[PDB]
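Novice: Next comes the structure file start_30.pdb, holding PDB, C-alpha atoms.
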```pdb
ATOM      1  CA  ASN B   1      15.887 -12.062 -12.686  1.00  0.00           C
ATOM      2  CA  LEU B   2      14.189 -12.021 -16.124  1.00  0.00           C
ATOM      3  CA  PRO B   3      10.663 -10.630 -15.646  1.00  0.00           C
ATOM      4  CA  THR B   4      10.672  -6.874 -16.217  1.00  0.00           C
ATOM      5  CA  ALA B   5       9.051  -4.553 -13.668  1.00  0.00           C
ATOM      6  CA  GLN B   6       6.061  -4.210 -16.016  1.00  0.00           C
ATOM      7  CA  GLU B   7       5.850  -7.990 -16.252  1.00  0.00           C
ATOM      8  CA  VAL B   8       5.992  -8.497 -12.480  1.00  0.00           C
ATOM      9  CA  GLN B   9       2.988  -6.202 -12.167  1.00  0.00           C
ATOM     10  CA  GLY B  10       1.296  -8.340 -14.799  1.00  0.00           C
ATOM     11  CA  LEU B  11       2.049 -11.624 -13.064  1.00  0.00           C
ATOM     12  CA  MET B  12       1.253 -10.437  -9.531  1.00  0.00           C
ATOM     13  CA  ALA B  13      -2.013  -8.868 -10.658  1.00  0.00           C
ATOM     14  CA  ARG B  14      -3.099 -12.182 -12.185  1.00  0.00           C
ATOM     15  CA  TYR B  15      -2.123 -14.190  -9.098  1.00  0.00           C
ATOM     16  CA  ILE B  16      -4.631 -12.204  -7.061  1.00  0.00           C
ATOM     17  CA  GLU B  17      -6.991 -12.664 -10.014  1.00  0.00           C
ATOM     18  CA  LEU B  18      -6.852 -16.507  -9.822  1.00  0.00           C
ATOM     19  CA  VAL B  19      -7.125 -16.476  -6.047  1.00  0.00           C
ATOM     20  CA  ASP B  20     -10.444 -14.710  -6.379  1.00  0.00           C
ATOM     21  CA  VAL B  21     -12.097 -17.067  -8.872  1.00  0.00           C
ATOM     22  CA  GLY B  22     -10.635 -19.800  -6.642  1.00  0.00           C
ATOM     23  CA  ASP B  23      -8.458 -21.529  -9.256  1.00  0.00           C
ATOM     24  CA  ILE B  24      -6.211 -23.635  -7.017  1.00  0.00           C
ATOM     25  CA  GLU B  25      -4.877 -25.324 -10.151  1.00  0.00           C
ATOM     26  CA  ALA B  26      -3.636 -22.193 -11.949  1.00  0.00           C
ATOM     27  CA  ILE B  27      -1.952 -20.550  -8.943  1.00  0.00           C
ATOM     28  CA  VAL B  28       0.207 -23.611  -8.298  1.00  0.00           C
ATOM     29  CA  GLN B  29       1.344 -23.359 -11.908  1.00  0.00           C
ATOM     30  CA  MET B  30       2.810 -19.906 -11.324  1.00  0.00           C
ATOM     31  CA  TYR B  31       4.953 -21.326  -8.532  1.00  0.00           C
ATOM     32  CA  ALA B  32       8.229 -23.109  -9.050  1.00  0.00           C
ATOM     33  CA  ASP B  33       8.349 -26.821  -8.283  1.00  0.00           C
ATOM     34  CA  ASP B  34      10.819 -25.920  -5.508  1.00  0.00           C
ATOM     35  CA  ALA B  35       9.297 -22.562  -4.576  1.00  0.00           C
ATOM     36  CA  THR B  36       8.900 -21.567  -0.926  1.00  0.00           C
ATOM     37  CA  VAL B  37       6.189 -19.778   0.982  1.00  0.00           C
ATOM     38  CA  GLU B  38       6.121 -18.163   4.388  1.00  0.00           C
ATOM     39  CA  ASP B  39       2.583 -17.072   5.229  1.00  0.00           C
ATOM     40  CA  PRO B  40       2.123 -15.529   7.762  1.00  0.00           C
ATOM     41  CA  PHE B  41       5.681 -14.350   7.095  1.00  0.00           C
ATOM     42  CA  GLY B  42       8.037 -15.527   9.815  1.00  0.00           C
ATOM     43  CA  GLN B  43       6.212 -18.823  10.397  1.00  0.00           C
ATOM     44  CA  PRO B  44       7.941 -21.982   9.055  1.00  0.00           C
ATOM     45  CA  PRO B  45       7.781 -22.198   5.230  1.00  0.00           C
ATOM     46  CA  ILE B  46       6.004 -24.804   3.082  1.00  0.00           C
ATOM     47  CA  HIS B  47       8.248 -25.649   0.138  1.00  0.00           C
ATOM     48  CA  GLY B  48       7.463 -27.424  -3.154  1.00  0.00           C
ATOM     49  CA  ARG B  49       4.338 -27.435  -5.334  1.00  0.00           C
ATOM     50  CA  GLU B  50       2.444 -30.194  -3.473  1.00  0.00           C
ATOM     51  CA  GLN B  51       2.813 -28.607  -0.048  1.00  0.00           C
ATOM     52  CA  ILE B  52       2.094 -25.281  -1.704  1.00  0.00           C
ATOM     53  CA  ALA B  53      -1.038 -26.891  -3.198  1.00  0.00           C
ATOM     54  CA  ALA B  54      -2.053 -28.357   0.163  1.00  0.00           C
ATOM     55  CA  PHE B  55      -2.072 -25.042   2.026  1.00  0.00           C
ATOM     56  CA  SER B  56      -3.669 -23.335  -0.962  1.00  0.00           C
ATOM     57  CA  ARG B  57      -6.316 -26.049  -1.073  1.00  0.00           C
ATOM     58  CA  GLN B  58      -6.703 -26.033   2.694  1.00  0.00           C
ATOM     59  CA  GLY B  59      -7.222 -22.284   3.021  1.00  0.00           C
ATOM     60  CA  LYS B  60     -16.089 -18.163  -0.280  1.00  0.00           C
ATOM     61  CA  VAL B  61     -13.008 -15.956   0.336  1.00  0.00           C
ATOM     62  CA  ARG B  62     -12.655 -13.075  -2.165  1.00  0.00           C
ATOM     63  CA  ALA B  63      -9.383 -11.267  -2.954  1.00  0.00           C
ATOM     64  CA  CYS B  64      -8.871  -7.619  -3.990  1.00  0.00           C
ATOM     65  CA  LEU B  65      -5.885  -5.494  -5.049  1.00  0.00           C
ATOM     66  CA  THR B  66      -6.092  -2.345  -2.884  1.00  0.00           C
ATOM     67  CA  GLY B  67      -3.145  -0.589  -4.526  1.00  0.00           C
ATOM     68  CA  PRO B  68      -0.776  -0.711  -7.548  1.00  0.00           C
ATOM     69  CA  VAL B  69       1.819  -3.457  -7.685  1.00  0.00           C
ATOM     70  CA  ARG B  70       5.352  -2.250  -6.802  1.00  0.00           C
ATOM     71  CA  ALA B  71       7.770  -3.896  -9.233  1.00  0.00           C
ATOM     72  CA  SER B  72      11.556  -3.710  -8.971  1.00  0.00           C
ATOM     73  CA  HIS B  73      14.184  -4.173 -11.676  1.00  0.00           C
ATOM     74  CA  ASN B  74      15.549  -7.508 -10.446  1.00  0.00           C
ATOM     75  CA  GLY B  75      12.421  -9.610 -10.780  1.00  0.00           C
ATOM     76  CA  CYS B  76      10.765  -8.743  -7.471  1.00  0.00           C
ATOM     77  CA  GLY B  77       7.432  -7.203  -6.597  1.00  0.00           C
ATOM     78  CA  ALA B  78       5.094  -6.337  -3.775  1.00  0.00           C
ATOM     79  CA  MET B  79       1.393  -5.669  -3.848  1.00  0.00           C
ATOM     80  CA  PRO B  80      -1.247  -4.536  -1.359  1.00  0.00           C
ATOM     81  CA  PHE B  81      -4.423  -6.572  -1.289  1.00  0.00           C
ATOM     82  CA  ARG B  82      -7.258  -7.577   1.020  1.00  0.00           C
ATOM     83  CA  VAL B  83      -9.063 -10.912   1.494  1.00  0.00           C
ATOM     84  CA  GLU B  84     -12.715 -10.866   2.543  1.00  0.00           C
ATOM     85  CA  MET B  85     -13.784 -14.017   4.366  1.00  0.00           C
ATOM     86  CA  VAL B  86     -16.251 -15.077   7.031  1.00  0.00           C
ATOM     87  CA  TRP B  87     -15.156 -15.956  10.560  1.00  0.00           C
ATOM     88  CA  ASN B  88     -17.712 -18.778  10.739  1.00  0.00           C
ATOM     89  CA  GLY B  89     -20.665 -16.658   9.698  1.00  0.00           C
ATOM     90  CA  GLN B  90     -18.743 -13.518  10.655  1.00  0.00           C
ATOM     91  CA  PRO B  91     -17.575 -11.629   7.489  1.00  0.00           C
ATOM     92  CA  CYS B  92     -14.046 -10.471   8.264  1.00  0.00           C
ATOM     93  CA  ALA B  93     -11.448  -8.786   6.099  1.00  0.00           C
ATOM     94  CA  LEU B  94      -7.717  -9.296   6.164  1.00  0.00           C
ATOM     95  CA  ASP B  95      -5.247  -6.725   4.874  1.00  0.00           C
ATOM     96  CA  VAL B  96      -2.213  -8.364   3.292  1.00  0.00           C
ATOM     97  CA  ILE B  97       0.814  -7.483   1.268  1.00  0.00           C
ATOM     98  CA  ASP B  98       2.639 -10.124  -0.773  1.00  0.00           C
ATOM     99  CA  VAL B  99       6.328  -9.850  -1.582  1.00  0.00           C
ATOM    100  CA  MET B 100       7.181 -12.200  -4.531  1.00  0.00           C
ATOM    101  CA  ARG B 101      10.456 -12.937  -6.350  1.00  0.00           C
ATOM    102  CA  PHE B 102      10.204 -14.431  -9.841  1.00  0.00           C
ATOM    103  CA  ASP B 103      12.726 -16.669 -11.635  1.00  0.00           C
ATOM    104  CA  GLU B 104      14.221 -16.463 -15.115  1.00  0.00           C
ATOM    105  CA  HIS B 105      11.218 -18.460 -16.371  1.00  0.00           C
ATOM    106  CA  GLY B 106       8.699 -16.105 -14.831  1.00  0.00           C
ATOM    107  CA  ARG B 107       7.870 -18.384 -11.883  1.00  0.00           C
ATOM    108  CA  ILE B 108       7.397 -17.395  -8.230  1.00  0.00           C
ATOM    109  CA  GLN B 109      10.553 -18.841  -6.681  1.00  0.00           C
ATOM    110  CA  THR B 110       9.508 -17.450  -3.293  1.00  0.00           C
ATOM    111  CA  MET B 111       6.593 -15.579  -1.696  1.00  0.00           C
ATOM    112  CA  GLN B 112       6.241 -13.990   1.774  1.00  0.00           C
ATOM    113  CA  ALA B 113       2.947 -12.704   3.134  1.00  0.00           C
ATOM    114  CA  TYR B 114       2.932  -9.934   5.706  1.00  0.00           C
ATOM    115  CA  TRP B 115      -0.011  -9.938   8.057  1.00  0.00           C
ATOM    116  CA  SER B 116      -1.158 -10.837  11.554  1.00  0.00           C
ATOM    117  CA  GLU B 117      -4.199 -10.171  13.736  1.00  0.00           C
ATOM    118  CA  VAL B 118      -3.614  -6.403  13.652  1.00  0.00           C
ATOM    119  CA  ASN B 119      -4.505  -6.590   9.942  1.00  0.00           C
ATOM    120  CA  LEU B 120      -7.719  -8.495  10.647  1.00  0.00           C
ATOM    121  CA  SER B 121     -10.669  -6.063  10.906  1.00  0.00           C
TER     122      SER B 121
ATOM    123  CA  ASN S   1      12.603  -8.837  17.001  1.00  0.00           C
ATOM    124  CA  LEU S   2      10.875  -7.650  20.220  1.00  0.00           C
ATOM    125  CA  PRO S   3       8.378  -4.992  19.058  1.00  0.00           C
ATOM    126  CA  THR S   4       4.961  -6.670  19.125  1.00  0.00           C
ATOM    127  CA  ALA S   5       2.554  -6.436  16.170  1.00  0.00           C
ATOM    128  CA  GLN S   6       0.838  -3.186  17.285  1.00  0.00           C
ATOM    129  CA  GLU S   7       4.121  -1.589  18.360  1.00  0.00           C
ATOM    130  CA  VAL S   8       5.616  -2.143  14.904  1.00  0.00           C
ATOM    131  CA  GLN S   9       2.635  -0.590  13.182  1.00  0.00           C
ATOM    132  CA  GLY S  10       3.191   2.705  14.965  1.00  0.00           C
ATOM    133  CA  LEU S  11       6.972   2.812  14.551  1.00  0.00           C
ATOM    134  CA  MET S  12       6.444   2.340  10.814  1.00  0.00           C
ATOM    135  CA  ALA S  13       3.630   4.899  10.507  1.00  0.00           C
ATOM    136  CA  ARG S  14       5.834   7.072  12.654  1.00  0.00           C
ATOM    137  CA  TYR S  15       8.648   6.882  10.112  1.00  0.00           C
ATOM    138  CA  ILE S  16       6.327   8.309   7.432  1.00  0.00           C
ATOM    139  CA  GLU S  17       5.352  11.193   9.766  1.00  0.00           C
ATOM    140  CA  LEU S  18       9.028  12.215   9.753  1.00  0.00           C
ATOM    141  CA  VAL S  19       9.561  11.901   5.983  1.00  0.00           C
ATOM    142  CA  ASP S  20       6.503  14.022   5.270  1.00  0.00           C
ATOM    143  CA  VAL S  21       7.701  16.875   7.492  1.00  0.00           C
ATOM    144  CA  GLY S  22      11.356  16.525   6.580  1.00  0.00           C
ATOM    145  CA  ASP S  23      13.057  15.915   9.934  1.00  0.00           C
ATOM    146  CA  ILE S  24      16.261  14.175   8.708  1.00  0.00           C
ATOM    147  CA  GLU S  25      17.896  14.014  12.153  1.00  0.00           C
ATOM    148  CA  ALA S  26      14.973  12.194  13.795  1.00  0.00           C
ATOM    149  CA  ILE S  27      14.710   9.970  10.715  1.00  0.00           C
ATOM    150  CA  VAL S  28      18.373   8.921  10.998  1.00  0.00           C
ATOM    151  CA  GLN S  29      17.695   7.986  14.626  1.00  0.00           C
ATOM    152  CA  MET S  30      15.257   5.141  14.075  1.00  0.00           C
ATOM    153  CA  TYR S  31      17.875   3.334  12.051  1.00  0.00           C
ATOM    154  CA  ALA S  32      20.430   1.407  14.061  1.00  0.00           C
ATOM    155  CA  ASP S  33      24.054   2.472  13.580  1.00  0.00           C
ATOM    156  CA  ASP S  34      24.687  -0.836  11.790  1.00  0.00           C
ATOM    157  CA  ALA S  35      21.465  -0.786   9.732  1.00  0.00           C
ATOM    158  CA  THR S  36      21.519  -1.269   5.940  1.00  0.00           C
ATOM    159  CA  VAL S  37      19.171   0.043   3.271  1.00  0.00           C
ATOM    160  CA  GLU S  38      18.385  -1.352  -0.169  1.00  0.00           C
ATOM    161  CA  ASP S  39      16.657   1.459  -2.052  1.00  0.00           C
ATOM    162  CA  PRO S  40      15.316   0.893  -4.562  1.00  0.00           C
ATOM    163  CA  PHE S  41      15.284  -2.851  -3.941  1.00  0.00           C
ATOM    164  CA  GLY S  42      17.758  -4.388  -6.389  1.00  0.00           C
ATOM    165  CA  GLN S  43      20.550  -1.819  -5.806  1.00  0.00           C
ATOM    166  CA  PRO S  44      23.836  -2.203  -3.920  1.00  0.00           C
ATOM    167  CA  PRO S  45      23.178  -1.649  -0.197  1.00  0.00           C
ATOM    168  CA  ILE S  46      23.972   1.384   1.965  1.00  0.00           C
ATOM    169  CA  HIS S  47      25.530   0.574   5.345  1.00  0.00           C
ATOM    170  CA  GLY S  48      25.721   2.837   8.388  1.00  0.00           C
ATOM    171  CA  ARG S  49      23.528   5.474  10.022  1.00  0.00           C
ATOM    172  CA  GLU S  50      26.135   7.797   8.499  1.00  0.00           C
ATOM    173  CA  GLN S  51      25.515   6.896   4.848  1.00  0.00           C
ATOM    174  CA  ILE S  52      21.785   6.713   5.371  1.00  0.00           C
ATOM    175  CA  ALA S  53      22.101  10.271   6.685  1.00  0.00           C
ATOM    176  CA  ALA S  54      23.690  11.329   3.404  1.00  0.00           C
ATOM    177  CA  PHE S  55      21.042   9.447   1.439  1.00  0.00           C
ATOM    178  CA  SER S  56      18.120  10.907   3.400  1.00  0.00           C
ATOM    179  CA  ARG S  57      19.191  14.483   2.715  1.00  0.00           C
ATOM    180  CA  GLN S  58      20.007  13.173  -0.766  1.00  0.00           C
ATOM    181  CA  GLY S  59      16.292  12.989  -1.490  1.00  0.00           C
ATOM    182  CA  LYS S  60       9.473  19.847  -1.184  1.00  0.00           C
ATOM    183  CA  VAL S  61       8.005  16.299  -0.766  1.00  0.00           C
ATOM    184  CA  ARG S  62       5.227  14.748   1.285  1.00  0.00           C
ATOM    185  CA  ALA S  63       4.839  11.028   1.963  1.00  0.00           C
ATOM    186  CA  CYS S  64       1.313   9.755   2.716  1.00  0.00           C
ATOM    187  CA  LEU S  65       0.439   6.214   3.980  1.00  0.00           C
ATOM    188  CA  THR S  66      -1.846   4.495   1.482  1.00  0.00           C
ATOM    189  CA  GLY S  67      -3.134   1.798   3.764  1.00  0.00           C
ATOM    190  CA  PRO S  68      -2.493  -0.420   6.783  1.00  0.00           C
ATOM    191  CA  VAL S  69       0.907  -1.571   7.868  1.00  0.00           C
ATOM    192  CA  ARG S  70       1.025  -5.356   7.661  1.00  0.00           C
ATOM    193  CA  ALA S  71       2.784  -6.410  10.866  1.00  0.00           C
ATOM    194  CA  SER S  72       4.224  -9.808  11.798  1.00  0.00           C
ATOM    195  CA  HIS S  73       5.284 -11.320  15.138  1.00  0.00           C
ATOM    196  CA  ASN S  74       9.022 -11.413  14.477  1.00  0.00           C
ATOM    197  CA  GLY S  75       9.561  -7.651  14.548  1.00  0.00           C
ATOM    198  CA  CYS S  76       8.909  -6.981  10.868  1.00  0.00           C
ATOM    199  CA  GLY S  77       6.583  -4.771   8.824  1.00  0.00           C
ATOM    200  CA  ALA S  78       5.337  -3.823   5.366  1.00  0.00           C
ATOM    201  CA  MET S  79       3.536  -0.663   4.271  1.00  0.00           C
ATOM    202  CA  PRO S  80       2.164   1.029   1.121  1.00  0.00           C
ATOM    203  CA  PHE S  81       2.627   4.786   0.699  1.00  0.00           C
ATOM    204  CA  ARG S  82       2.651   7.472  -1.970  1.00  0.00           C
ATOM    205  CA  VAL S  83       5.230  10.223  -2.261  1.00  0.00           C
ATOM    206  CA  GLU S  84       4.147  13.405  -3.981  1.00  0.00           C
ATOM    207  CA  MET S  85       6.746  15.733  -5.462  1.00  0.00           C
ATOM    208  CA  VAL S  86       7.341  17.770  -8.615  1.00  0.00           C
ATOM    209  CA  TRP S  87      10.084  16.274 -10.724  1.00  0.00           C
ATOM    210  CA  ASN S  88      11.529  19.166 -12.720  1.00  0.00           C
ATOM    211  CA  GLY S  89       8.615  21.591 -12.691  1.00  0.00           C
ATOM    212  CA  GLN S  90       6.188  18.748 -13.250  1.00  0.00           C
ATOM    213  CA  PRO S  91       4.370  17.344 -10.217  1.00  0.00           C
ATOM    214  CA  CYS S  92       4.583  13.566  -9.908  1.00  0.00           C
ATOM    215  CA  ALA S  93       3.563  10.827  -7.482  1.00  0.00           C
ATOM    216  CA  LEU S  94       5.547   7.756  -6.532  1.00  0.00           C
ATOM    217  CA  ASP S  95       3.838   4.729  -5.056  1.00  0.00           C
ATOM    218  CA  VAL S  96       6.293   2.771  -2.900  1.00  0.00           C
ATOM    219  CA  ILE S  97       6.243  -0.188  -0.528  1.00  0.00           C
ATOM    220  CA  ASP S  98       8.773  -0.360   2.302  1.00  0.00           C
ATOM    221  CA  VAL S  99       9.683  -3.453   4.293  1.00  0.00           C
ATOM    222  CA  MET S 100      11.675  -3.100   7.462  1.00  0.00           C
ATOM    223  CA  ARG S 101      12.927  -5.251  10.287  1.00  0.00           C
ATOM    224  CA  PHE S 102      13.425  -3.771  13.738  1.00  0.00           C
ATOM    225  CA  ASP S 103      15.980  -5.069  16.208  1.00  0.00           C
ATOM    226  CA  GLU S 104      15.177  -5.567  19.902  1.00  0.00           C
ATOM    227  CA  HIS S 105      15.486  -1.836  20.647  1.00  0.00           C
ATOM    228  CA  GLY S 106      12.813  -0.984  18.101  1.00  0.00           C
ATOM    229  CA  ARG S 107      15.311   0.502  15.655  1.00  0.00           C
ATOM    230  CA  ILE S 108      14.943  -0.195  11.937  1.00  0.00           C
ATOM    231  CA  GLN S 109      17.763  -2.697  11.602  1.00  0.00           C
ATOM    232  CA  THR S 110      17.094  -3.302   7.920  1.00  0.00           C
ATOM    233  CA  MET S 111      14.897  -1.691   5.220  1.00  0.00           C
ATOM    234  CA  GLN S 112      14.005  -2.308   1.552  1.00  0.00           C
ATOM    235  CA  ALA S 113      11.817  -0.234  -0.738  1.00  0.00           C
ATOM    236  CA  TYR S 114       9.864  -1.530  -3.705  1.00  0.00           C
ATOM    237  CA  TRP S 115       9.393   0.871  -6.605  1.00  0.00           C
ATOM    238  CA  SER S 116      10.580   1.921 -10.073  1.00  0.00           C
ATOM    239  CA  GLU S 117       9.423   4.174 -12.906  1.00  0.00           C
ATOM    240  CA  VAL S 118       6.373   1.938 -13.353  1.00  0.00           C
ATOM    241  CA  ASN S 119       5.157   3.466 -10.104  1.00  0.00           C
ATOM    242  CA  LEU S 120       5.788   7.134 -10.955  1.00  0.00           C
ATOM    243  CA  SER S 121       2.620   8.885 -12.101  1.00  0.00           C
TER     244      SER S 121
END
```
Just dump the structure as structure tokens.
Specialist:
Amino acid sequence: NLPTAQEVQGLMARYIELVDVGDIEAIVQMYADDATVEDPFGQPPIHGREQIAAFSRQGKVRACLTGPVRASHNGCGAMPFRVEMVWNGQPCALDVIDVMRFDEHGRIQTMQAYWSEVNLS
Amino acid sequence: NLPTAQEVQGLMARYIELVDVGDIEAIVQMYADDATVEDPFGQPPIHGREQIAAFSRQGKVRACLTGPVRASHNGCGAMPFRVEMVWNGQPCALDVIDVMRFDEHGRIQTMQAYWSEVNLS
């Protein structure tokens, strides 16, 4: 576990903070070297920092926290946020919620994004 | 899985319609007899429609959805909601995030809630 509920909220808030300013470098540093990521949740996961840096690098998108971050007592958290993009010259929003679990060193050991087309406005 | 993206949205937003009113018997009917519930996430789990029945009644109270349900394609969902109450003569909100998987029959086969004091206002 390690990170306290109040810490999770801190970490998770920042993660959406780096995603906005587009700091591919910093995000990947919050992840564990052997962290996993299913996004859209369900889909096969991309494990490890390089693969996690490939997707992150691969996909003018702005991120926003639409609600408080829900932190648990065992190092987990979940936050509501929304990504504004542009469907090829067609400004579209995406509502997402990320469910992260941190390790004893305060690193995202796993992340799962919940979203689909029904969340695309 | 089974319930499509749109289906799952409704079933989830349906669940919050029942908590707000207070219908415990309809609530305990979405859950499959074998379902389990981790609430708050990080706690030992509660197995059986039976025990969830005891827990439901266990907790004046109105749950409002705070934003879209994030729905996947493998019969899963995630939603942000607030739960107003008055803890010991002092009103107080609770911002929670529930994640639930539905089996083929559209019954909540598994559920986990994300909250803690850091989300009580």
Novice: Got a sec to pull out which chain S residues are within 8 Å of chain B, counting all atoms listed in the file, and send them as a ChimeraX atom specification?
Specialist: /S:5-6,40-42,66,68-74,77-80,95-97,114-116,118-119
Novice: Convert the current residue selection to file output with C-alpha atoms, as a PDB file, keeping the file's coordinate frame.
Specialist:
```pdb
ATOM      1  CA  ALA S   5       2.554  -6.436  16.170  1.00  0.00           C
ATOM      2  CA  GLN S   6       0.838  -3.186  17.285  1.00  0.00           C
ATOM      3  CA  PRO S  40      15.316   0.893  -4.562  1.00  0.00           C
ATOM      4  CA  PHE S  41      15.284  -2.851  -3.941  1.00  0.00           C
ATOM      5  CA  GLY S  42      17.758  -4.388  -6.389  1.00  0.00           C
ATOM      6  CA  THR S  66      -1.846   4.495   1.482  1.00  0.00           C
ATOM      7  CA  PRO S  68      -2.493  -0.420   6.783  1.00  0.00           C
ATOM      8  CA  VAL S  69       0.907  -1.571   7.868  1.00  0.00           C
ATOM      9  CA  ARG S  70       1.025  -5.356   7.661  1.00  0.00           C
ATOM     10  CA  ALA S  71       2.784  -6.410  10.866  1.00  0.00           C
ATOM     11  CA  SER S  72       4.224  -9.808  11.798  1.00  0.00           C
ATOM     12  CA  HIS S  73       5.284 -11.320  15.138  1.00  0.00           C
ATOM     13  CA  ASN S  74       9.022 -11.413  14.477  1.00  0.00           C
ATOM     14  CA  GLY S  77       6.583  -4.771   8.824  1.00  0.00           C
ATOM     15  CA  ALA S  78       5.337  -3.823   5.366  1.00  0.00           C
ATOM     16  CA  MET S  79       3.536  -0.663   4.271  1.00  0.00           C
ATOM     17  CA  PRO S  80       2.164   1.029   1.121  1.00  0.00           C
ATOM     18  CA  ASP S  95       3.838   4.729  -5.056  1.00  0.00           C
ATOM     19  CA  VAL S  96       6.293   2.771  -2.900  1.00  0.00           C
ATOM     20  CA  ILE S  97       6.243  -0.188  -0.528  1.00  0.00           C
ATOM     21  CA  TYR S 114       9.864  -1.530  -3.705  1.00  0.00           C
ATOM     22  CA  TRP S 115       9.393   0.871  -6.605  1.00  0.00           C
ATOM     23  CA  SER S 116      10.580   1.921 -10.073  1.00  0.00           C
ATOM     24  CA  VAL S 118       6.373   1.938 -13.353  1.00  0.00           C
ATOM     25  CA  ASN S 119       5.157   3.466 -10.104  1.00  0.00           C
TER      26      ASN S 119
END
```
Novice: I would like the residues chosen by the PyMOL selection byres ((chain B and resi 18-32) around 8) on the shown file; could you give them as a count of residues only?
Specialist: 22
Novice: Go ahead and compute the interatomic distance for CA of residue 103 (chain S) and CA of residue 2 (chain S), in Å to one decimal.
Specialist: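 Taking CA of residue 103 (chain S) as the start and CA of residue 2 (chain S) as the end point, the length is 7.0 Å.
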Novice: So the first atom is CA of residue 111 (chain S) and the second is CA of residue 44 (chain S); what is the distance between them in Å, to one decimal place?
Specialist: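 Between these atoms lies a distance of 12.8 Å.
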Novice: Which distance in Å separates CA of residue 3 (chain B) and CA of residue 102 (chain B), to one decimal?
Specialist: 7.0 Å
Novice: Here is a test: counting all atoms listed in the file, which residue of B:37, B:90, B:85, B:10 is nearest to residue 59 (chain B)?
Specialist: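 Comparing B:37, B:90, B:85, B:10 against residue 59 (chain B), the winner is B:85.
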Novice: How big is the axis-aligned box, and where does its centre sit, when it encloses all atoms of region 81-84 of chain B listed in the file and has 4 Å added on every side, reported in Å to one decimal as AutoDock Vina command-line options?
Specialist:
```
--center_x -8.6 --center_y -8.7 --center_z 0.6 --size_x 16.3 --size_y 12.3 --size_z 11.8
```
